[PDB]
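Structure assessment
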Amino acid sequence: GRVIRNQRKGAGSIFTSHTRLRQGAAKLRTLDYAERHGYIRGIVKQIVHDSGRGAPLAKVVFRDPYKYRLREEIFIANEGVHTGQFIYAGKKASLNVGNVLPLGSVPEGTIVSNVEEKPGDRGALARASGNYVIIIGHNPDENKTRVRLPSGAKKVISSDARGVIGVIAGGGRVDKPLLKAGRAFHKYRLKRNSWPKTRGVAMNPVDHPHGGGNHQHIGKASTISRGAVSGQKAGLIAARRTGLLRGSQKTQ
Amino acid sequence: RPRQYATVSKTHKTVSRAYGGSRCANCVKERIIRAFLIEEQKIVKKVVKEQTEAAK
Amino acid sequence: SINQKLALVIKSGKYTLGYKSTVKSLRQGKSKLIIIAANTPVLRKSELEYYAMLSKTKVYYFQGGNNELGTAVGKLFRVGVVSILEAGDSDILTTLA
Amino acid sequence: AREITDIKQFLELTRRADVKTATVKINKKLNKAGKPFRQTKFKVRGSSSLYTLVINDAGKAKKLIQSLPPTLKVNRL
Amino acid sequence: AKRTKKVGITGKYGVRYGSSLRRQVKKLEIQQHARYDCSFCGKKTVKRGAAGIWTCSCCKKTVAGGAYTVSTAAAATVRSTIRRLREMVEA
Amino acid sequence: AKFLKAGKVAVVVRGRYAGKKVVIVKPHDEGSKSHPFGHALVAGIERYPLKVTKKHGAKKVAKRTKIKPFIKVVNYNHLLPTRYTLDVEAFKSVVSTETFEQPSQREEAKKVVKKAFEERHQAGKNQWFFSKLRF
Amino acid sequence: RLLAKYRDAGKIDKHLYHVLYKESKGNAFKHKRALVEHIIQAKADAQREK
RNA sequence: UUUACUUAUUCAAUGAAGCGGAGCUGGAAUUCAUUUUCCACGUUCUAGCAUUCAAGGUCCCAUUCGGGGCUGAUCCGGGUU
RNA sequence: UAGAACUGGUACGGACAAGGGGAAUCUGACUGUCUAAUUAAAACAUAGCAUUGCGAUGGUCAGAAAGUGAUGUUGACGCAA
RNA sequence: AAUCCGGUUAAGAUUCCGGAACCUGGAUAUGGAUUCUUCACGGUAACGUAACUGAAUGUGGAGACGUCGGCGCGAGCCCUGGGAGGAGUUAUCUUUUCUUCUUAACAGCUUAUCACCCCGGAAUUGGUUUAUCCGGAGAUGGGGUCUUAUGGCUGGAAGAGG
């Protein structure tokens, strides 16, 4: 009867992001004329800790080409940049770690991150701690580029979309055990309101569709249709197979 | 405190050098030397273009 | 390689270590060679390049950091830049510098 | 507020024409450890702060009281 | 002396948490709280703070890197790939 | 083999005149009675002449071309020597050790040095020595 | 500070100072008189090696 | 058949800043008559600097201390991309 | 802080303050949380392990509707179930 | 952005009274300082001096900040000595037991770890912390510069309070 928890997340009263200590949106430079014809040199002032991100940020500063000032942007720091390194954005920018290039200017097999989906939207794909996409092919017909996303899924995007060279710092982050509940608590008090995770078997039949009964059991089948109404989707969603996986990696 | 600086003279708020009260001595030292040597080295960056592009 | 040469100089000739004594012995022109390490900051490196083209003294880059240079010259502390002022048994001033 | 140690500066203060009131104070304090002697303080009240002068020597102080301008209202002790 | 037979730093955790999880924490806290060589000034003075950020204590250099070590193994080869992919443009 | 000769341009990196160009008028590699270190007596400019254009009126030109000089003992560690040079023998005989204490003689020296730098800035030889080291 | 004023008093040189100092960072010396009795023995050994 | 469309519609970004076409100098390029084509078309050791409708060149004002015009910074089309 | 005598109707942390301990089994690893007015538990939570969906003209959800919104100052080492 | 002490009331005071300050805002005159080297000098330097043009615009700092552990230092309380006043005890003993001996904001001179400058050059490695860090990217050493939360002296101020 009662509105279950994942329905209740969406109106967003207490489930919003905890956005106090965050420095800002971590986007790249806006694609303009100084970028896509030459290459603009900025410096990286400071690589600063973001709160709730795994990866560290980077205070990059640029000269504005049109008015005398300095425009600071904040990149996601690629792994192996230090403060005082020069960062070369743009089409004809050379290929070093930390530079940001349009994908038509790299050979295939190059390890980039913070790359865009559509050109200009300032850094969509592969942003988290430690990940990277690898450019696996070019296509001069309609100037596309075939790349490898971190799930192992392959994607064909434009070569006008920019990406910064190298993996992202903060990698190896989930290797360490999170021994106690205090560390998960201090983790999730910087991200958002979804801890502790109360199992849906425990609760009554108003609170969850897995609830109730004289035993904690799941009842019916727990792989739920994609076509289920909002509110029934409680458990494994639209599962094509399940169970413990077997076999080698690097699939076909 | 940040509004007390107004009540006081200038010799308390400033040391005599260029970039005086804003940057410290050593840093100022570095941004002379760099600012010399780069804009001496850029002179060499024009004597290459007069010899490589002419004797190409 | 160059390490046998520098060891022979260091047990046969006269030298000085570190940046301030290179500039002191370079303003007086007593320098015959300076050897710059690889991990040195580029500003220090260019300021010692720029004093070479006033004093006409040859500059050999030491491939590898100041640790290896300190180990090569026989000391234990690191050294970023060496100034040979009198070569002794070895003739590194006239080899390929 | 302040202490002013220069006698001729104090004479300049007494003729600064904003100084309407002055006063003299007498104390007894002892030299090095031996002997008590009479000390005096001359206090002129300017429009912002109170300027004083400490005189330990009566042979200068007695001449200096004579050296005040007569138009000043001097609260003696 | 050596006051623990094997546990070392994870002796601050004591009894609890398992043994495999505590040894997996030991393996990463030795690397995490270590003192690394600085790539610029050569003094073994790079610690970390605020995971992903490795500041040299002197010299003010602030190198980004892996969360629990300076250069993770899956990144130190990446630059070699870059060292391979910058040579093909010229020679 | 000795590049701190008495004609070399140098750049003062320390002191109140930091970032301001001088020329050595007399070096001292051994030092002196006082100043127990390799110092050199130099003379340089404190205010740069401003960028006078085609369309400045004549009088408003001349207030641009005023130059405030200074003479100064400076240690060798505070000077970048450079490849540029300046002929010094006009005011070579003015700046000395005797030019100092009794500082009334310093303004007498600054008169001579200012007249020399204006007579070199007119007929504009040594363009780099009079341009602002923009740092 | 006893080692400090012994060094500054010239009664001992800096080599034996830096030996005895990092020995005093360990135990090796229960008290002040015990350290002076140790210094006397080492300096007498140095004299018997002279 | 889905192909080729921008003007409808939909998304995205920017204090709607350089888009499209053409030319110039270089240069790959081989000429099968003369250019049939295509690339470029101001910055890479350095935690410096970059602003006063821009200095210069050129034409004016009526020479005052100053101010205007063109070029420096290629034209064309007004579809911000 | 340690030791020594000597002495006290063998009393002496003299009042106050202030652990009962052991051999086992069932059970939940643990610190934690809850039925404020009968249930504090072996229940819930947790780290750990695993699974499923989804590459944004997306996945989960909200909104009567919107040129609307929450995750999202987000990007698969991520969000969600 | 800027305040304190002492006193006062049947009941109010960092608010009243007296004494002593400070800040903001706006007027302004007088000295001082600057100038015919027209917009300051000194010091190698770090920086200092009562002052010592400076717009549009840009940058930088302050406001700006986690909790825990010892370590140093000050403030207030505590313990305690000598001396100068009062009260109590006293059959005997007790140079005895209690109580007073204070000093504000603000101002002037001076004063500190850390940081920095010069001279000089280190392995017979050396300095140093309670806690092992630091040094040819130049230590130990000799001589200096700075911050002034703090302390001292003096003024406020003994004319107040006890």
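- Judging from the entry metadata, cryo-EM is the method by which this structure was determined, and 3.6 Å is the reported resolution.

- Going by the annotation in the PDB entry, the name recorded for chain C is 60S ribosomal protein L30, with Saccharomyces cerevisiae given as the source organism.
- Under the UniProt heading Subcellular location, the entry covering chain C gives this text: "Cytoplasm".
- Taken verbatim from the UniProt record of chain C, the Sequence similarities comment is "Belongs to the eukaryotic ribosomal protein eL30 family."

- Under the PDB entry, chain B has the name 60S ribosomal protein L34-A and belongs to Saccharomyces cerevisiae.

**A short note on the sheet that holds strand β2 (residues 36-45) of chain D**
Residue and element names in this part refer to chain D.
- Strand order across the open sheet formed by four strands is β3-β2-β1-β4, with mixed pairing between neighbours. A strand with exactly one partner marks an edge of an open sheet, and here the two such strands are β3 (50-55) and β4 (73-76). Along the sheet, successive strands turn relative to each other by an average axial angle of 25°, direction set aside.
- On top of the sheet, helix α2 (residues 58-66) reaches β2 and β3; it is set at about 30° to β2, its chief contact.

**Details of the protein's contact with RNA strand H**
- Looking at RNA strand H, there are 42 residues lining it, with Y39(A), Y68(A), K92(A), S94(A) and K54(F) nearest.
- Considering the 4 Å shell around the protein, atoms of RNA strand H inside it are sugar or phosphate in 49% of instances.
- Between RNA strand H and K45(B), the relevant distance is 2.7 Å, taken from a phosphate oxygen to a side-chain nitrogen or oxygen of the residue.
- At 2.9 Å, a backbone N or O of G57(F) approaches a phosphate oxygen of RNA strand H.
- Looking at the surface near RNA strand H, the elements with two or more residues in it are β1 (40-46) and β4 (86-89) of chain A, α2 (25-47) of chain B, α3 (42-55) of chain C together with α1 (58-62) of chain F.
- The element best represented in the surface near RNA strand H is α2(B), accounting for eight residues.

**Thoughts on the interface of chain F and chain C**
- Taken together, the contact pairs 13 residues of chain F with nine residues of chain C.
- Here chain F meets chain C over a buried area of about 1100 Å², counting both sides, of which 58% is carbon and sulfur.
- Counting every contact that joins chain F to chain C gives five residue pairs in polar contact.
- Tallying contributions element by element places strand β5 (residues 79-85) of chain F first for the side of chain F that touches chain C, with five residues.
- Here the side of chain F that touches chain C is built from residues that sort into seven nonpolar, two polar and four charged.

**Structural notes on the protein's contact with RNA strand I**
All names here are of chain A.
- Surveying the vicinity of RNA strand I reveals 64 residues, the closest of which are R53, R199, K233, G235 and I237.
- For RNA strand I, the backbone makes up 75% of the atoms found within 4 Å of the protein, where backbone means sugar plus phosphate.
- Here a phosphate oxygen of RNA strand I and a side-chain polar atom of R192 are 2.5 Å apart.
- Counting residues per element, the ones that place at least two in the surface near RNA strand I are α1 (5-8), α2 (181-191) and β12 (236-237).
- Here the surface near RNA strand I gets three residues from one element, more than from any other, and that element is α2.
- For the surface near RNA strand I, the per-class residue count stands at 27 nonpolar, 20 polar and 17 charged.

**A few points about the packing of helix α2 (residues 19-27) of chain C against α3(C)**
Residues and elements named next belong to chain C.
- Packing of α2 against α3 leaves a shortest axis separation of 11 Å and a crossing angle of 15°. Of the possible angle classes, the one that applies to α2 and α3 is roughly parallel. Relative to α3, α2 is oriented so that their crossing is left-handed. Where α2 abuts α3, its residues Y19, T22, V23 and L26 lie against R44, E47, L48, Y51 and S55.
- Grouping the amino acids of the contact of α2 with α3 by side-chain chemistry returns five nonpolar, two polar and two charged.

**Quick word on a nonpolar patch on the surface**
Residues and elements named next belong to chain B.
- Together, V44, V47 and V48 line one region of the surface with nonpolar side chains, adding up to about 210 Å² of accessible area.
- Looking at the element boundaries, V47 is found in helix α2.
- Residue classification places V47 among the partly exposed residues on the basis of a relative accessible area of 38%.

**Thoughts on the interface of chain E and chain A**
- Of the residues lining the interface, 33 residues belong to chain E; the matching set on chain A comes to 32 residues.
- Here chain E meets chain A over a buried area of about 2600 Å², counting both sides, of which 68% is carbon and sulfur.
- A per-residue breakdown of the area chain E buries against chain A is headed by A64(E), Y68(E) and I82(E), which together make up 18% of the total.
- For the pair chain E and chain A, the interface holds one salt bridge.

**A word on the sheet that holds strand β3 (residues 39-47) of chain F**
- Here five strands make up an open sheet; going across it, the order is β4-β3-β2-β1-β5 (chain F) and the pairing antiparallel. Looking at the sheet topology across the chains shown, the edges are occupied by β4 (68-75) and β5 of chain F. Averaged over neighbouring strand pairs, the angle between their axes works out to 35° when direction is ignored.
- The sheet strands contacting α2(B) are β1 (8-12) and β5 of chain F, and the helix crosses β5(F) at an angle near 25°.
- Against the sheet, α3(C) makes contact with β1 and β5 of chain F, and its axis sits at roughly 45° relative to β5(F), the strand it touches most.

**Notes on the pattern of salt bridges**
- Tallied over the entire structure, the rule returns 20 salt bridges over all chains.
- Here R53(A) and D50(A) are joined by a salt bridge, their closest N and O atoms 2.9 Å apart.
- Classification of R53(A) as partly exposed rests on a relative accessible area of 25%.
- Of the charged contacts, one joins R83(F) and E40(B) as a salt bridge, the two residues approaching to 2.6 Å between their closest N and O atoms. Remark: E40(B) occurs in helix α2 and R83(F) occurs in strand β5; the pair is interchain, linking two chains.
- Salt bridges here are not isolated pairs; linked through shared partners, they connect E35(A), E116(A) and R162(A).

**With respect to the packing of α2(B) against α3(C)**
- For the pair α2(B) and α3(C), the least separation of the axes is 10 Å and the interaxial angle reads 55°. On the basis of their axis angle, the class for α2(B) and α3(C) is oblique. Judged by the twist between their axes, the crossing of α2(B) over α3(C) is left-handed. Across the interface between the two elements, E30(B), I33(B), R34(B), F36(B), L37(B), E40(B) and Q41(B) of α2(B) pack against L43(C), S46(C), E47(C), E49(C) and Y50(C) of α3(C).
- Grouping the constituent residues of the contact of α2(B) with α3(C) by class yields five nonpolar, two polar and five charged.

About the criteria used
- Residues numbered from 1 in each chain as written, not as in the entry; some residues may be left out.
- Chains lettered and ligands numbered in written order.
- Part of a larger assembly, values for the part shown.
- Heavy atoms only, no water.
- Residues with missing side-chain atoms left out of burial classes, pairs and counts.
- UniProt positions renumbered as here; feature names shortened; annotations may be inferred.
- Pairing = 2+ DSSP bridges.
- Helix = DSSP H or I, 4+ residues; strand = E, 2+ residues; numbered from the N terminus.
- Axes fitted to C-alpha atoms, helices over the stretch in contact; angles between N-to-C directions.
- Contact = heavy atoms within 4.5 Å.
- Near = heavy atom within 4 Å.
- Polar contact = N/O pair within 3.5 Å; in protein donor to acceptor, adjacent residues only side chain to side chain.
- Buried area = accessible area lost by both parts, 1.4 Å probe.
- Nonpolar A, V, L, I, M, F, W, Y, C, P; charged D, E, K, R; others polar.
- Parallel < 35°, antiparallel > 145°, perpendicular 65-115°, else oblique.
- Left-handed = near helix turned anticlockwise from the far one by under 90°.
- Patch = residues over 30% accessible without salt bridge, like charges linked within 9 Å, V, L, I, M, F, W, Y side chains within 5 Å.
- Areas by Shrake-Rupley, 256 points an atom, 1.4 Å probe, with all protein chains shown as cover.
- Salt bridge = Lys/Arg side-chain N within 4 Å of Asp/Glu carboxyl O.
- Buried < 20%, exposed > 50% of the residue type's maximum accessible area, 1.4 Å probe, protein only.

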